[PDB]
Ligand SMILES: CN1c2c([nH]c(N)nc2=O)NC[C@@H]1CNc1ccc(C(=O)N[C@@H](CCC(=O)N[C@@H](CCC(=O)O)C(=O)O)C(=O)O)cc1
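Presented as structure tokens, the chain that follows is alone, the form solved without the ligand.
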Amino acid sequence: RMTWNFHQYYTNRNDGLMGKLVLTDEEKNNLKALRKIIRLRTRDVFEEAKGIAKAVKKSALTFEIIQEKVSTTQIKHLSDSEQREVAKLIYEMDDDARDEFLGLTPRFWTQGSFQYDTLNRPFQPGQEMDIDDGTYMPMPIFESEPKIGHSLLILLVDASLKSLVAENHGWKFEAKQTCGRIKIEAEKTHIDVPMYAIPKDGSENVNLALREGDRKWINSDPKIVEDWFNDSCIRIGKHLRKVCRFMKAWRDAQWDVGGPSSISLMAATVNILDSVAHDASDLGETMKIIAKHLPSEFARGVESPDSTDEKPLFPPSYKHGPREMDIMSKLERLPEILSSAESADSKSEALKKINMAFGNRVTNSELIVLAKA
């Protein structure tokens, strides 16, 4: 019978949902420039701290002199206590720890959606682009804590980020458990800088630094999820990134703050498209298929693609509190919204209904076309 088709509603890069979600080249370039600013400052902070250790290798300087040298570097932007601690850690280094520090140069690699290429323009006031650029410290393998030190490394990355925040109006710093964060409200953007220890020259030795707790390090390699997703796009096809964007857009529209993680949605969606027949020639039908199957994916718990990670991306239903129940409720409603939109009385009502899933972003009802199904 007659149905409304939404393939252009979703895919049109002029003014369909893809057109509303994909960053402009200027926006992408701005994020890349922000990342470069952070990377440069981090390299420079480490060179400064290393210059001091070089001085101490040459002559066993007093603590007071080491301190005064620390105070002329970007580390001056840390609190008095923290500056003292850097100075102390440099002062207390033995020959072997100091040598390895002198050979340490931070490396970089971007993770998250900027790297998955599924970063959406933010929807609701207050929502920001979640950007991640890890700092990697090549060091010998260690059992519980390396030479150089967990404390010194975090202090120097904090020094890099805090020195940028001091130099730029509209930038704020936040300490998170897994990263330092720079927030730039005015640009609807925050950039997260997790720090990793990695071997010197295969995921068993990539260690994420944790800011507080009974563990300073946890084995977590962002490349595992990155490779899994790139492999899934090749396996499933070009439409995978598109439907993941649409599910993330749904989430941004249903919750101002909160909702399921982007990775939980991506993992579930990959499982569905790997196992259920669908048709990239009609992404309206494909989204209906995904929507029909997401509730059962989420109710049983969404497993991480990284098998070494035993914490689910979303908990199974016997572990649900009010927030997970709220997510289940909105997941259950989504295929109903999409079905109702398909059988609406008019184009304008079709648009109104499907925009109750993705928000009022697409306004062009000409993208919706009368079809048979």
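Residue indices: 1-based, along the sequence shown. C-alpha atoms forming the largest set that superposes within 1.5 Å between two forms make up the rigid core. Only residues modelled in both forms are compared.
Only in words, not in the display: the form deposited with the ligand bound, which the text now covers.
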The ligand overlaid from its position in the entry with it bound: site open or blocked at 2.4 Å backbone/C-beta:
open
For residue 292, is any heavy atom within 4.5 Å of the ligand in the entry with it bound, or not?
no
Do residue 107 and the ligand share at least one heavy atom pair within 4.5 Å in the entry with it bound?
yes
Wondering, does residue 221 line up within 4.5 Å of the ligand in the entry with it bound on heavy atoms?
yes
Would residue 40 count as touching the ligand in the entry with it bound under a 4.5 Å heavy atom rule?
yes
If you check 198, 240, 75, 164 against the ligand in the entry with it bound, which one has a heavy atom within 4.5 Å?
198
Please identify the residue among 271, 127, 151, 203 with any heavy atom within 4.5 Å of the ligand in the entry with it bound.
203
So which stretch, 88 to 96, 141 to 149, 273 to 281, 107 to 115, is the one near the ligand in the entry with it bound (non-hydrogen atoms, 4.5 Å)?
107 to 115
C-alpha displacement of 2 Å or more between the shown form and the other one on the rigid core, among 264, 232, 254, 111:
111
Between residue 113 and residue 108, do the C-alpha atoms lie closer or farther in the entry with it bound than in the shown form, with a difference of 3 angstroms or more?
closer
Lining up the core, where do at least three residues in a row all have CA moves of 2 Å or more between the shown form and the other one?
110 to 113
